[PDB]
Amino acid sequence: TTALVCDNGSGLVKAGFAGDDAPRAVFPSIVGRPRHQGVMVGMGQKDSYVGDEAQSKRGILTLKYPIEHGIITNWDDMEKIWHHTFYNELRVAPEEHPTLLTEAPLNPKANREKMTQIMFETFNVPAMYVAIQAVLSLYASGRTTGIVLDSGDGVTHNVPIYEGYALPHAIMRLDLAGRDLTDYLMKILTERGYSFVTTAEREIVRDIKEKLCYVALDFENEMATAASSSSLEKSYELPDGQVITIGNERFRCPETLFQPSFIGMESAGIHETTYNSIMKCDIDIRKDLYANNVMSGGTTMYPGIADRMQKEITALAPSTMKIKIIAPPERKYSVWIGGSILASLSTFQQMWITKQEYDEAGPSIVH
Amino acid sequence: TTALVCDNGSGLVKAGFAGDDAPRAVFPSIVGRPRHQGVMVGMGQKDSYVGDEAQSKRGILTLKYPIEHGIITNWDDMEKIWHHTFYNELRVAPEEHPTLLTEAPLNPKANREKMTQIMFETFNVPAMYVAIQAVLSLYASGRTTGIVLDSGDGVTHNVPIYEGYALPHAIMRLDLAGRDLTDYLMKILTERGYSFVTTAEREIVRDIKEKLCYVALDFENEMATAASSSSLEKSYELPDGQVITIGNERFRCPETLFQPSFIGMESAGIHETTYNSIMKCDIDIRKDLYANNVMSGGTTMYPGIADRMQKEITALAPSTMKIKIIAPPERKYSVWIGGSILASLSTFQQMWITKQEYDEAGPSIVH
Amino acid sequence: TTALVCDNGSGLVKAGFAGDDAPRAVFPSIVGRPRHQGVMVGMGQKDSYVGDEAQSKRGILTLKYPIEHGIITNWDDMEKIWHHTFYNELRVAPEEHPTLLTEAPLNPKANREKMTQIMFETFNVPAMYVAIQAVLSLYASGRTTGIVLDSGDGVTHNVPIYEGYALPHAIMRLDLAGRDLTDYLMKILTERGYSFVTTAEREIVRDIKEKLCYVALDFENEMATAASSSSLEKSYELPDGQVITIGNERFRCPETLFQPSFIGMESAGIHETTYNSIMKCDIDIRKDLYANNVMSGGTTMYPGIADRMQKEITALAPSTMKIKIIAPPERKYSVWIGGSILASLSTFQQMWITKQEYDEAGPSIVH
Ligand SMILES: Nc1ncnc2c1ncn2[C@@H]1O[C@H](COP(=O)(O)OP(=O)(O)O)[C@@H](O)[C@H]1O
Ligand SMILES: Nc1ncnc2c1ncn2[C@@H]1O[C@H](COP(=O)(O)OP(=O)(O)O)[C@@H](O)[C@H]1O
Ligand SMILES: Nc1ncnc2c1ncn2[C@@H]1O[C@H](COP(=O)(O)OP(=O)(O)O)[C@@H](O)[C@H]1O
């Protein structure tokens, strides 16, 4: 009996055993379905396709993301990947040990009950629990105080924490980055005349985001520095072998996190959504936060995200104070790393909710 | 020459002539600005938008409230609505007759000088005066003694009055209700999975507050009475025509006024902030107050606010005494009603401060 | 066996061993409790928090003062700090040596019995005694005659003494200064537009009182001298790093002690509450008092308290007489300094009341 912990963060969903520095199985969550007539009537490949079964064979498939924004749009496709995650991929019996399932802070409650539901009546699990995407970032870093910053594909959220006491009233969540950061790119490639739009090809575009973006670090010149003297085009090769030329939007896609008037849906932006999350915290309590904001987003490995938060918060915020954005490279597994830590440790062991608790009243005890 | 009286209480700002039972122009105070590219290069609608000019066309606009908490955050956007209030809306020349401008009790002084300022050097007014949000509630009710209770969008405050003699040391002001009552709702809708967050949509949410809230009236059962036997969901239609289902939080939003540990910012709560305002009043003087508390808040039409103050003060307070919360339905214009009364009447006529007084020393005579 | 002596004066409560020039442990008396959801289920910090355990971590906590005005409002929270004061902080076994516990002159008797009670049946003490806040000020100064003046946070009181013979009929106690001097400041900061109000932040404000107040020293000009020519604003930095500007109320908060018509609760004021305490003393006996008034208040280090008592009593009082306000800088520990003196000395040794005396009849012998 040992805890297997998994997150729903869309993108690559991530699952592994407790007491480990990295999960065993990391694969993207997608259900593919064939969109064309079956000809080899027998073939030798499945009806529908999950994960890298699907991710390998793309264009022939159409791709559906069950995780939509932390919230899950369809259940029945979703439970497949859980059905898969445990059996194939990492191979584990249904009933061994509890499972910590991380999950988004502000999303609706009807999200996690049916989730706990299908963690019980369909395939029974030895108890269960659901943590918060944020808090596990600290259990990873070993921090106690501090304000996280998450993006991932699922949703962008930050939850300032001080000594294991959350500040719910200060929880700021804007639904952005992730997919919506790529979708803006497929929007903005046609600038260069590459029309990529289909659901299967999206994950070619995502790879372009992966390899070359960075972050503006003061884009004014950076728009000029692109146009005027262009050494910064980085050509790229995509699976057919056709050339690409980019570099005007290499930084312009991640730049949207600092001005979501480019994406067109105006809310805040990630740099000052933390500051406004601080301002709602206490006058005293906020001093240390400026030092401690951990930012494990799972999107943001961007080379120079830190720089432009270091840059931008200083324009905001008390001048006399030392603002420190810690940027652990080991993140992007962090919200999982919290799991294999928080679960494998004890004083949490009684905090699993046994099937008895689901037997007590219902799924409704999660709240 | 006849007095036009106006209040700043954010929400719907309210202005009309003296000697009338209701103001002529009532519109919400917002400056809208277009957030997207102008395409119809000529169109036929203004650069920026105030009030119902803006309130009509929302999602395209971004909305800014110059009144923030009685205190005004930006002046230059603010003076627009005054510039507008007099010219369009109710149409009045700059210089006719003085104007009574109501204003919050405890807010900083730098608030009302520049206000008086721009009531003079930019567009000159035939004198001026600024009353208190509280006191005009009595001039409306015709009461003399009694403790008001105000909420409105601007700020929550109560000022016990006994025979035209205020008790400043007993003035209790907690900054709450109003906007911060709605902002908690947009927080708490996502409970049901409706993510409404944008500045333009907020005033859809505000309408939901408007139509269906009431007040807990003993919420313990009321949380159970919601969950267990649910007949109380009231569905609602919002301008697209999409359905909504509510009723778990219908009473849970106004409930925050009685436990501002739900909003997360802990101060007091409105029921016992009056009692604690009484306790700071005299031992004798307090008997009648328990009978007289008028509560014209401008937010609180809630069906059953009175009940739960009647309920809660009795749990507090001397038992042998008869506590009476009068709940005039004509309120929400009350703090204006005081104006058209106090101004149109006389023995106040010498109390206007003429431009001469502003010419005497400066704006500083208001204190 | 050596006497440990402690005072309840709220503010910083102060305890140390007999025969020393200053107590070992000086910390503020507060019981903090977490007001938000526990998230780090294990953390590593206590259920509830006392003193600097609490004083370090503020905004997350809510703060309760068991000492209210010398009178103690809640016992069970109170006994914690005593439970703490002896064990942690200065570390001492329950039963070693008696303890002198200072305490307010005019407060109710039900105050000190239960106090003596919980000094016995819960944790037994080798006898006990309770002196007066006033008298120990002289045992410190080594004076015999003279009228004290106390403020502290607990209560303001002055007890004229002549050769170890108190004048009870002349004891003047007005409940003021201390907390109620700060609470007036949080009232009067919003003048400048700083809304500080929450229980945890209060002790930021208290620090502002600490560093910059002084005393009017003839405020008429001093209100003008502030307004007209302003060099006297002293900006300040508070734990976030946000700027403050003050100086109109720097002297206006302590000024309330000379006109408690600013605080709104009208009693007397500290300058002429001593003179009226003198007038109730004998015609002969009063000559020397005017020379001897010691004023160890524990609040009043204010730079120029002495000046405005020197100033004000002269306006009162016989002209031909030399009025001398001695202002020992070593005070604010004084009422403790009396303890380590009066206890460590002898001829008081038989005046401890042994558990036998509590065994004789009950706690009731204190009177
Ligand atoms: N090096 C990188 N640079 C930019 N974006 C990245 C990089 N690595 C991953 N991403 C984006 O971040 C996402 C991380 O997804 P995931 O961590 O599962 O979301 P969540 O944080 O909600 O779990 C990926 O889907 C990818 O789109
Ligand atoms: N029937 C109602 N039920 C609940 N809330 C209401 C109702 N009518 C108005 N409100 C809220 O009360 C506010 C009143 O604003 P307003 O009176 O201008 O503030 P002030 O009292 O400071 O002038 C409105 O903005 C609205 O949010
Ligand atoms: N330098 C200072 N200037 C002004 N006020 C002070 C200063 N030092 C302390 N105080 C106030 O005086 C209080 C002293 O509290 P304390 O001496 O415990 O009360 P008591 O005199 O009843 O024991 C402090 O809480 C603080 O508010």
# chains A, B, ... in the order shown; residues from 1 in each chain; ligands from 1

call {"tool": "residues_around", "arguments": {"residues": "residue 192 of chain C", "least_positions_apart": "2", "cutoff": "10 Å", "atoms": "only C-alpha atoms", "output": "list in words"}}
result
residues 107, 108, 109, 110 and 111 of chain B; 188, 189, 190, 194, 195, 244, 245, 246, 248 and 249 of chain C

call {"tool": "write_last_selection", "arguments": {"atoms": "C-alpha atoms", "output": "compact mmCIF listing (two decimals), in the first residue's frame"}}
result
# COMPACT_ATOMS: atom_id res chain seq x y z
CA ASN B 107 -14.05 60.04 5.12
CA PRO B 108 -10.91 62.18 4.77
CA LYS B 109 -11.07 65.95 4.54
CA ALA B 110 -9.08 66.14 1.32
CA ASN B 111 -12.19 64.53 -0.15
CA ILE C 188 -8.11 60.57 13.47
CA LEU C 189 -5.85 59.05 10.85
CA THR C 190 -8.71 58.77 8.36
CA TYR C 194 -5.59 56.03 6.08
CA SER C 195 -8.26 53.52 7.07
CA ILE C 244 2.55 58.00 5.65
CA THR C 245 2.37 61.73 6.30
CA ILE C 246 1.33 63.00 9.73
CA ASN C 248 -1.40 67.66 12.22
CA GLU C 249 -2.44 65.04 14.76

call {"tool": "residues_around", "arguments": {"residues": "residue 161 of chain A", "least_positions_apart": "5", "cutoff": "8 Å", "atoms": "only C-alpha atoms", "output": "JSON, numbers by chain"}}
result
{"A": [135, 144, 145, 146, 147, 148, 166, 167]}

call {"tool": "atom_distance", "arguments": {"atom1": "atom CA of residue 127 of chain B", "atom2": "atom CA of residue 356 of chain B"}}
result
8.0 Å

call {"tool": "residues_around", "arguments": {"residues": "segment 42-53 of chain A", "least_positions_apart": "5", "cutoff": "9 Å", "atoms": "only C-alpha atoms", "output": "list in words"}}
result
residues 12, 27, 28, 29, 30, 31, 32, 33, 34, 61, 80, 81 and 84 of chain A

call {"tool": "residues_around", "arguments": {"residues": "residue 1 of chain C", "least_positions_apart": "2", "cutoff": "9 Å", "atoms": "only C-alpha atoms", "output": "list in words"}}
result
residues 3, 96, 97 and 98 of chain C

call {"tool": "residues_near_ligand", "arguments": {"ligand": "ligand 1", "cutoff": "8 Å", "atoms": "only C-alpha atoms and all ligand atoms", "output": "count of residues only"}}
result
39

call {"tool": "select_by_dssp", "arguments": {"residues": "segment 160-294 of chain C", "states": "alpha helix (DSSP H)", "output": "compact mmCIF listing (two decimals) with N, CA and C atoms, in the first residue's frame"}}
result
# COMPACT_ATOMS: atom_id res chain seq x y z
N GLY C 178 -3.91 55.25 27.35
CA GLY C 178 -3.69 53.90 26.91
C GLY C 178 -4.33 53.59 25.58
N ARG C 179 -5.01 52.46 25.54
CA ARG C 179 -5.74 52.04 24.36
C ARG C 179 -6.62 53.16 23.84
N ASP C 180 -7.41 53.77 24.72
CA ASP C 180 -8.33 54.81 24.29
C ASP C 180 -7.62 56.03 23.75
N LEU C 181 -6.32 56.15 23.98
CA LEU C 181 -5.58 57.20 23.30
C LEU C 181 -5.23 56.79 21.88
N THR C 182 -4.97 55.50 21.66
CA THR C 182 -4.71 55.03 20.30
C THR C 182 -6.00 54.97 19.51
N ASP C 183 -7.04 54.38 20.09
CA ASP C 183 -8.31 54.29 19.38
C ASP C 183 -8.75 55.64 18.85
N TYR C 184 -8.46 56.71 19.58
CA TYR C 184 -8.74 58.03 19.03
C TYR C 184 -7.85 58.33 17.84
N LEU C 185 -6.67 57.72 17.77
CA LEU C 185 -5.80 58.02 16.64
C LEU C 185 -6.31 57.34 15.38
N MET C 186 -6.61 56.04 15.47
CA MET C 186 -7.20 55.36 14.33
C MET C 186 -8.45 56.07 13.88
N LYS C 187 -9.19 56.65 14.82
CA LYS C 187 -10.23 57.59 14.46
C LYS C 187 -9.67 58.72 13.61
N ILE C 188 -8.55 59.30 14.03
CA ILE C 188 -8.11 60.57 13.47
C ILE C 188 -7.08 60.40 12.36
N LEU C 189 -6.68 59.18 12.03
CA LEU C 189 -5.85 59.05 10.85
C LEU C 189 -6.67 59.23 9.58
N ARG C 202 -4.16 47.45 14.75
CA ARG C 202 -4.13 48.44 15.81
C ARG C 202 -2.71 48.65 16.32
N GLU C 203 -1.97 47.57 16.45
CA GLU C 203 -0.62 47.63 16.97
C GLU C 203 0.40 48.05 15.94
N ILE C 204 -0.01 48.30 14.70
CA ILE C 204 0.79 49.18 13.86
C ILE C 204 0.58 50.62 14.29
N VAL C 205 -0.69 51.01 14.45
CA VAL C 205 -0.99 52.37 14.86
C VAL C 205 -0.29 52.70 16.16
N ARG C 206 -0.33 51.77 17.11
CA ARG C 206 0.29 52.03 18.40
C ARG C 206 1.75 52.40 18.23
N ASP C 207 2.43 51.77 17.27
CA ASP C 207 3.82 52.13 17.02
C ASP C 207 3.94 53.56 16.53
N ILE C 208 2.97 54.04 15.75
CA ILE C 208 3.03 55.43 15.32
C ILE C 208 2.91 56.35 16.51
N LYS C 209 1.98 56.06 17.42
CA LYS C 209 1.93 56.80 18.67
C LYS C 209 3.29 56.79 19.34
N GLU C 210 3.89 55.60 19.45
CA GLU C 210 5.18 55.44 20.11
C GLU C 210 6.21 56.42 19.57
N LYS C 211 6.43 56.40 18.25
CA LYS C 211 7.60 57.10 17.75
C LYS C 211 7.38 58.60 17.71
N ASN C 221 -1.45 78.38 18.67
CA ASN C 221 -0.44 78.45 17.63
C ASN C 221 -0.10 77.06 17.11
N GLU C 222 -0.03 76.07 18.00
CA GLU C 222 0.44 74.76 17.58
C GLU C 222 -0.49 74.14 16.55
N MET C 223 -1.79 74.45 16.59
CA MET C 223 -2.63 74.08 15.46
C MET C 223 -2.33 74.95 14.25
N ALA C 224 -2.13 76.25 14.46
CA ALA C 224 -1.72 77.11 13.37
C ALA C 224 -0.31 76.78 12.90
N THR C 225 0.62 76.68 13.84
CA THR C 225 2.01 76.37 13.51
C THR C 225 2.12 75.09 12.71
N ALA C 226 1.17 74.17 12.88
CA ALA C 226 1.12 73.00 12.02
C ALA C 226 0.63 73.39 10.63
N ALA C 227 -0.60 73.90 10.55
CA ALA C 227 -1.19 74.27 9.27
C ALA C 227 -0.30 75.24 8.52
N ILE C 270 -6.21 65.20 32.45
CA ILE C 270 -5.22 64.73 33.41
C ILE C 270 -4.56 65.87 34.16
N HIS C 271 -4.48 67.06 33.58
CA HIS C 271 -3.77 68.13 34.27
C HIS C 271 -4.53 68.58 35.51
N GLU C 272 -5.83 68.80 35.38
CA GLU C 272 -6.61 69.30 36.51
C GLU C 272 -7.33 68.19 37.25
N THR C 273 -7.19 66.94 36.84
CA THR C 273 -7.64 65.89 37.72
C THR C 273 -6.68 65.67 38.86
N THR C 274 -5.43 66.09 38.72
CA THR C 274 -4.53 66.09 39.85
C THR C 274 -4.83 67.25 40.78
N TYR C 275 -5.01 68.44 40.21
CA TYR C 275 -5.33 69.59 41.04
C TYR C 275 -6.60 69.34 41.84
N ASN C 276 -7.63 68.80 41.20
CA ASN C 276 -8.82 68.46 41.94
C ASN C 276 -8.58 67.32 42.91
N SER C 277 -7.60 66.46 42.65
CA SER C 277 -7.23 65.50 43.67
C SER C 277 -6.51 66.17 44.83
N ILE C 278 -5.74 67.21 44.55
CA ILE C 278 -5.11 67.95 45.63
C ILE C 278 -6.16 68.64 46.48
N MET C 279 -7.07 69.38 45.84
CA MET C 279 -8.04 70.16 46.59
C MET C 279 -8.78 69.31 47.61
N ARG C 286 -1.11 69.87 51.40
CA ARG C 286 -1.02 70.00 49.96
C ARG C 286 0.21 70.76 49.51
N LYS C 287 0.84 71.55 50.38
CA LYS C 287 1.99 72.34 49.96
C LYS C 287 3.03 71.48 49.27
N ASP C 288 3.49 70.43 49.93
CA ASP C 288 4.58 69.65 49.38
C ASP C 288 4.17 68.90 48.13
N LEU C 289 2.91 68.47 48.05
CA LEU C 289 2.49 67.68 46.89
C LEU C 289 2.80 68.39 45.59
N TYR C 290 2.49 69.68 45.52
CA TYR C 290 2.80 70.45 44.32
C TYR C 290 4.25 70.30 43.91
N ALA C 291 5.14 70.05 44.86
CA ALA C 291 6.52 69.81 44.50
C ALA C 291 6.77 68.37 44.07
N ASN C 292 5.99 67.42 44.58
CA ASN C 292 6.40 66.03 44.56
C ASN C 292 5.73 65.15 43.52

call {"tool": "interface_residues", "arguments": {"of": "chain B", "to": "chain C", "cutoff": "10 Å", "atoms": "only C-alpha atoms", "output": "ChimeraX atom specification"}}
result
/B:71,106-111,167-175,261,264-268,280-282

call {"tool": "select_by_dssp", "arguments": {"residues": "segment 5-179 of chain C", "states": "strand (DSSP E or B)", "output": "ChimeraX atom specification"}}
result
/C:5-7,12-17,25-28,31-34,38,49-50,61-64,67-69,71-72,100-101,129,146-147,150,156-158,160-162,165-166,172-174

call {"tool": "write_last_selection", "arguments": {"atoms": "C-alpha atoms", "output": "PDB file, in the first residue's frame"}}
result
ATOM      1  CA  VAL C   5       6.902  40.347  40.637  1.00  0.00           C
ATOM      2  CA  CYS C   6       4.569  41.114  37.765  1.00  0.00           C
ATOM      3  CA  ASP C   7       2.022  43.711  36.736  1.00  0.00           C
ATOM      4  CA  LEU C  12       3.386  45.320  27.814  1.00  0.00           C
ATOM      5  CA  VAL C  13       2.870  43.172  30.897  1.00  0.00           C
ATOM      6  CA  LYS C  14       6.041  43.065  32.904  1.00  0.00           C
ATOM      7  CA  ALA C  15       7.518  40.420  35.177  1.00  0.00           C
ATOM      8  CA  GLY C  16      10.898  39.766  36.753  1.00  0.00           C
ATOM      9  CA  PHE C  17      12.681  38.700  39.908  1.00  0.00           C
ATOM     10  CA  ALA C  25      10.443  39.268  30.606  1.00  0.00           C
ATOM     11  CA  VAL C  26       8.531  42.191  29.101  1.00  0.00           C
ATOM     12  CA  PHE C  27       5.955  41.315  26.474  1.00  0.00           C
ATOM     13  CA  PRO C  28       2.509  42.568  25.458  1.00  0.00           C
ATOM     14  CA  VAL C  31      -4.262  36.155  23.030  1.00  0.00           C
ATOM     15  CA  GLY C  32      -4.300  35.706  19.286  1.00  0.00           C
ATOM     16  CA  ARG C  33      -6.473  33.201  17.494  1.00  0.00           C
ATOM     17  CA  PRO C  34      -6.368  32.247  13.809  1.00  0.00           C
ATOM     18  CA  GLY C  38      -6.022  25.883   8.589  1.00  0.00           C
ATOM     19  CA  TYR C  49      -0.987  32.537  20.501  1.00  0.00           C
ATOM     20  CA  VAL C  50       0.097  34.719  23.417  1.00  0.00           C
ATOM     21  CA  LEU C  61      -4.443  36.546  14.029  1.00  0.00           C
ATOM     22  CA  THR C  62      -7.244  38.372  15.755  1.00  0.00           C
ATOM     23  CA  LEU C  63      -6.150  40.068  18.963  1.00  0.00           C
ATOM     24  CA  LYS C  64      -7.897  40.009  22.348  1.00  0.00           C
ATOM     25  CA  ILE C  67      -6.815  43.249  30.665  1.00  0.00           C
ATOM     26  CA  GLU C  68      -9.461  45.725  29.696  1.00  0.00           C
ATOM     27  CA  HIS C  69      -9.151  48.685  32.063  1.00  0.00           C
ATOM     28  CA  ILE C  71     -10.393  45.097  35.206  1.00  0.00           C
ATOM     29  CA  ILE C  72     -10.030  41.825  33.314  1.00  0.00           C
ATOM     30  CA  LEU C 100       3.841  40.552  44.217  1.00  0.00           C
ATOM     31  CA  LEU C 101       1.088  41.360  41.750  1.00  0.00           C
ATOM     32  CA  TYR C 129       0.063  39.717  47.819  1.00  0.00           C
ATOM     33  CA  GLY C 146       4.047  62.904  46.825  1.00  0.00           C
ATOM     34  CA  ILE C 147       1.164  62.246  44.450  1.00  0.00           C
ATOM     35  CA  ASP C 150      -0.420  56.990  36.227  1.00  0.00           C
ATOM     36  CA  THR C 156      -5.347  56.688  34.417  1.00  0.00           C
ATOM     37  CA  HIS C 157      -5.221  57.254  38.159  1.00  0.00           C
ATOM     38  CA  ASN C 158      -3.365  59.356  40.708  1.00  0.00           C
ATOM     39  CA  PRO C 160      -1.601  61.432  46.601  1.00  0.00           C
ATOM     40  CA  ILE C 161       0.574  59.922  49.308  1.00  0.00           C
ATOM     41  CA  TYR C 162       2.025  61.599  52.376  1.00  0.00           C
ATOM     42  CA  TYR C 165      -0.467  57.307  54.469  1.00  0.00           C
ATOM     43  CA  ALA C 166      -2.695  57.312  51.418  1.00  0.00           C
ATOM     44  CA  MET C 172      -9.008  60.325  41.317  1.00  0.00           C
ATOM     45  CA  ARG C 173      -9.397  57.771  38.538  1.00  0.00           C
ATOM     46  CA  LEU C 174     -10.516  58.573  35.023  1.00  0.00           C
TER      47      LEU C 174
END

call {"tool": "residues_around", "arguments": {"residues": "residue 353 of chain C", "least_positions_apart": "4", "cutoff": "9 Å", "atoms": "only C-alpha atoms", "output": "VMD selection string"}}
result
chain C and resid 126 to 129 357 to 358 365 to 366

call {"tool": "closest_residue", "arguments": {"among": "B:304, B:363, B:260, B:164", "to": "ligand 2", "atoms": "only C-alpha atoms and all ligand atoms"}}
result
B:304

call {"tool": "residues_around", "arguments": {"residues": "residue 254 of chain B", "least_positions_apart": "3", "cutoff": "7 Å", "atoms": "only C-alpha atoms", "output": "PDB file with C-alpha atoms, in the first residue's frame"}}
result
ATOM      1  CA  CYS B 213     -31.663  38.019  -2.116  1.00  0.00           C
ATOM      2  CA  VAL B 215     -32.044  38.042   4.315  1.00  0.00           C
ATOM      3  CA  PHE B 251     -29.555  34.653   1.297  1.00  0.00           C
ATOM      4  CA  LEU B 257     -23.411  41.880   6.708  1.00  0.00           C
TER       5      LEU B 257
END

call {"tool": "atom_distance", "arguments": {"atom1": "atom CA of residue 336 of chain A", "atom2": "atom CA of residue 18 of chain A"}}
result
9.6 Å

call {"tool": "atom_distance", "arguments": {"atom1": "atom CA of residue 201 of chain A", "atom2": "atom CA of residue 58 of chain A"}}
result
7.4 Å
